[PDB]
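Protein chains in written order, with the authors' numbering: chain B, 1 to 143; chain A, 1 to 142; chain A', 1 to 142; chain B', 1 to 143; chain D, 1 to 143; chain C, 1 to 142. A prime marks a further copy of an entry chain.
Virtual Cβ for every residue (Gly too), placed ideally from N, Cα, C.
So the structure is just underneath, and the comments pick up after that.
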Amino acid sequence: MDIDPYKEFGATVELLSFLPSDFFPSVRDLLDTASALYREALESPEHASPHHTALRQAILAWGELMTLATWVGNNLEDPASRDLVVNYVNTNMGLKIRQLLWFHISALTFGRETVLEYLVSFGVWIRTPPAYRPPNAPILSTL
Amino acid sequence: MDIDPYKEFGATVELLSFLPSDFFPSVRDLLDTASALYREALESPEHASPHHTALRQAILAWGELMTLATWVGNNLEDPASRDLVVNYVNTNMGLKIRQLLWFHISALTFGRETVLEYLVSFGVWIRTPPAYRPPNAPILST
Amino acid sequence: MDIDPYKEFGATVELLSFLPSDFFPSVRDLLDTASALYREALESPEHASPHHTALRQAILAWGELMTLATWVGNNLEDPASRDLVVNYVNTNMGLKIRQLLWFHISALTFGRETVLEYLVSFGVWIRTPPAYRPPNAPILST
Amino acid sequence: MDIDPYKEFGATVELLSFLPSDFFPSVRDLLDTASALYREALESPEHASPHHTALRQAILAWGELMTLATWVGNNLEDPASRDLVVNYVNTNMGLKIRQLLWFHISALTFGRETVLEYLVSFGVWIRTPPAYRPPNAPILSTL
Amino acid sequence: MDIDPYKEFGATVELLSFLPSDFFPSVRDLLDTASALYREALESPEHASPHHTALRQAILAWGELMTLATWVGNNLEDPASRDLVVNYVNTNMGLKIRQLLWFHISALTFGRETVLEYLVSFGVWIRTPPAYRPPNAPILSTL
Amino acid sequence: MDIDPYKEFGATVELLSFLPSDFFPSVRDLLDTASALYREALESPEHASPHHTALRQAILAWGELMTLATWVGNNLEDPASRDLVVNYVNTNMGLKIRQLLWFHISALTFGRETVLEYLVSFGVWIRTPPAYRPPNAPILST
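Right, here's the structure in full:
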């Protein structure tokens, strides 16, 4: 069970490790986006796509991790350990959760095919060194 | 954002508030059962039933948390915070992950409706004093 | 070569990893039951169901191992190695042979699907703390 | 329950005790043969013939006996007992398991009828003393 | 024989001397992208295109070379020679492996004709002196 | 990417490693044969068959390894490391490249099915003992 979360969505995780951290914007932005755009889809008792379901589970998990951060904030005495822990959290689990959220929400809004083709073109782009790399990378949209 | 992860299956988090904490099992056994019964359906490219997807994401989350715990165990100095964090994980977040995993596993194998009937029958069983309560609470099979 | 002997029946060795060791019964009683219920179908020339074939080969293997144990008991000098080997057989290899025999016997008599349901229901029963667990775990019959 | 493992395959064990040990080659050769030729049949969750099923069970049993040998190798102090035990193993259980494996795999590759007729002719052959016995015994093939 | 490997696909090594070295990105990025895209089709027991087959052979070649690198790292004593071997490998032979990977992967995604047109357009781009050279080097897209 | 390159042609490294290593000829004679027969087809602009393509890429890999060999021979100072590296190459990677080249060449000349049958028959020949084995090993041909 080395399970790939994207295998049922056509892609893999090695695909997405090509592109950097900074392209993934803040967790709070993605959560607010998801809420504002698809609260009707999330809260309703009908699953339109498995993207929505994994999105629900990821949002719940991230809420639990925020509870973890708060609990460690309100109980531990050593500032070093607390800072190190929250740094690890908001860096690495931030990376992974932002990745997952971006993929699911992008595939919903713009379509699975378009996202896969975008990631193909981006993997071709960023894998080019600066000399022959264009300065303004591809951007995402439907048509 | 105020989501109940069970809203899409007819169930509700309040419905599991019937069940106590101690009832749900250790995590290692759950993961072992899940793998040994559904390895091929998990790793394969198919969302044959969305319970599979929830199980995928839950297992990945628990792996992420185990990586967190190991990272903390092999980097920090004060063992107080270390053991405290490990305890907090394995108790409190273990509760949520156990809830979610148990539910989705039971729904995969035995069926959603039968699981709902199991939960409500257990709530009837436990909303009852000890004496007239039979000592063999319901456990499920087909 | 990495074979699971249960792969051909929808089951999996990981699925039996739910069950503990002590649960499965002594070997002599299993062999007695097997013979007394299926002597004619075993010795007869017919592979009416492949569980019969697995049972044949398993009984022959256990007879081979009992012959091994007797051969060691009536040829060696140091009783340490003697009793050690006998213990190792009757515990560790007994585990595998008991697993295999119990499964194939239950599948012969009661049915493959019902046995799978039995295993998963037992896993639900045991992935549960002691208190809310009923003290009458499922046992099977028709 | 003096069960014959071959009664459901047309033959018996007294049939095969006519022919010698040496005709059965090494266990490792047979296992590697079985793997190389029919890993797709073994590992798949579909039983094509009861030969395959008994083959699975025999391979698992032999793996367990190898585990037995290793365990005795790693725990006992008396070299005499260890050597005697492993000798018994690789001689006698070697004989039986090689017999079983050869029969099943041969019947699969070449057919049950051909194997039974081969064993008939061989029992007629080796049961002849050297004077009137041919020097180059029968060999196995389809056509 | 000095086979021109790109000869089946209308392309040349002369066509690749248009491109500089730095244009090709790091090998780990290539492998990660290739995995996350087409891991299933690679491990799939089917030859979808000769591109796939050459890609499989090249991945195995790189695996052999990295295994060699690890062996030499874990057994050799003369350190300057060791480091020089490692750098020589991962630069000089990594270059050609990157050429191979990039070509076949881009041909899989976007098509052979498109890659050829890309290469000749890039040649027109770089063979222009830097003054009147436009600032945007072309890249690829399904847009 | 647990890749086995022979999957495109109905075989595996395990099916191929069923033979010993000594059977596999030296790489030099293989390149001699392959060149002196199919140089015109392999340098051609034509994907005549995937066997040719795997052969092309494999020959590139081996030529590049020989380039490495010459670089090492003409640029290191410590001859011990030179010997270790070079003989390690021609043993370990020599084995794999020999296997690959022989497979694809045999498939070109005689045909895929025939080479598979030859592997099977030769292995069953060589592992079976000589007395009851056929007197001569089979040798593949149309």
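- Less than 8 Å separates the beta-carbon of C/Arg127 from that of B'/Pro25.
- For C/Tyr38, the secondary structure class from DSSP, reduced to helix, strand or coil, is helix.
- Looking at D/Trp102, D/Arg112, D/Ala131, the one whose alpha-carbon comes closest to that of D/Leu19 is D/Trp102.
- In the DSSP annotation of this structure, B/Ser44 is not part of any alpha helix (DSSP H), being labelled neither H nor E.
- In the DSSP annotation of this structure, C/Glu77 is not part of any alpha helix (DSSP H), being labelled neither H nor E.
- The beta carbons of D/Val89 and D/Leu65 sit closer together than 8 Å.
- Taking the Cα positions, C/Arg112 is about 21 Å away from C/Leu95.
- For B'/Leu140 against A'/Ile3, the beta-carbon gap comes to about 26 Å, at or over 8 Å, which does not count as contact.
- By the CB criterion at 8 Å, B'/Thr53 and A'/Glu8 fall inside the cutoff.
- For C/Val13, the uninterrupted alpha helix (DSSP H) run begins and ends at 13 to 16, by DSSP.
- Here the stretch 70 to 81 of chain B' makes no contact with the stretch 25 to 42 of chain A'; the two share fewer than three CB pairs at distances below 8 Å.
- Secondary structure at A/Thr70: helix, using DSSP grouped into helix, strand and coil.
- Rounded to whole angstroms, the gap between the alpha carbons of D/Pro5 and D/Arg98 is 14 Å.
- By the Cβ-count criterion, B/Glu14 is buried, with 16 or more other Cβ atoms from all chains shown falling within 10 Å of its own Cβ.
- The DSSP-derived three-state label of B'/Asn136 is coil.
- Residue state for A/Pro50 is assigned as helix, using DSSP reduced to three classes.
- When the five nearest sequence neighbours on each side are left out, the beta carbons in the same chain lying within less than 8 Å of the beta carbon of C/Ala137 are those of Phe122, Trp125, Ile126, in order along the chain.
- DSSP places A/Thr109 in the helix class (H, G or I) of the three-state scheme.
- A/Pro79 has a beta carbon lying at 8 Å or more from every beta carbon in chain B.
- DSSP, reduced to helix, strand and coil, places D/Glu8 outside both helices and strands of the structure shown, so it counts as coil.
- No Cβ-Cβ contact shorter than 8 Å links A'/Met1 with B'/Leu68.
- Rounded to whole angstroms, the Cβ separation of C/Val72 and D/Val85 is 7 Å, and the two are in contact under 8 Å.
- When the five nearest sequence neighbours on each side are left out, the beta carbons in the same chain lying within less than 6 Å of the beta carbon of A/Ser106 are those of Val115, in order along the chain.
- In the structure shown, D/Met1 adopts coil according to DSSP, grouped into three states.
- Inter-residue distance for B/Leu55 and A/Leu100 is about 15 Å (C-alpha atoms, whole angstroms).
- Distance from the CA atom of B/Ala36 to the CA atom of A/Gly63, rounded to whole angstroms, is 30 Å.
- Spanning the alpha carbons of C/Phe23 and B'/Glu77 requires a straight line of approximately 42 Å.
- Between the alpha carbons of A'/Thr12 and A/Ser21 lies a distance of about 30 Å.
- Within 7 Å of the CB of A'/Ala131, the CB atoms of chain A belong to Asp22, in sequence order along the chain.
- Chain order gives the chain B' residues near A'/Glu64 as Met93, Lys96, where near means a beta carbon separation below 7 Å.
- With at least 16 other beta carbons inside 10 angstroms of its own, A'/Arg133 counts as buried.
- Contact note: A/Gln57 reaches chain B through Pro5, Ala54, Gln57, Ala58, using a C-beta cutoff of 7 Å and chain order.
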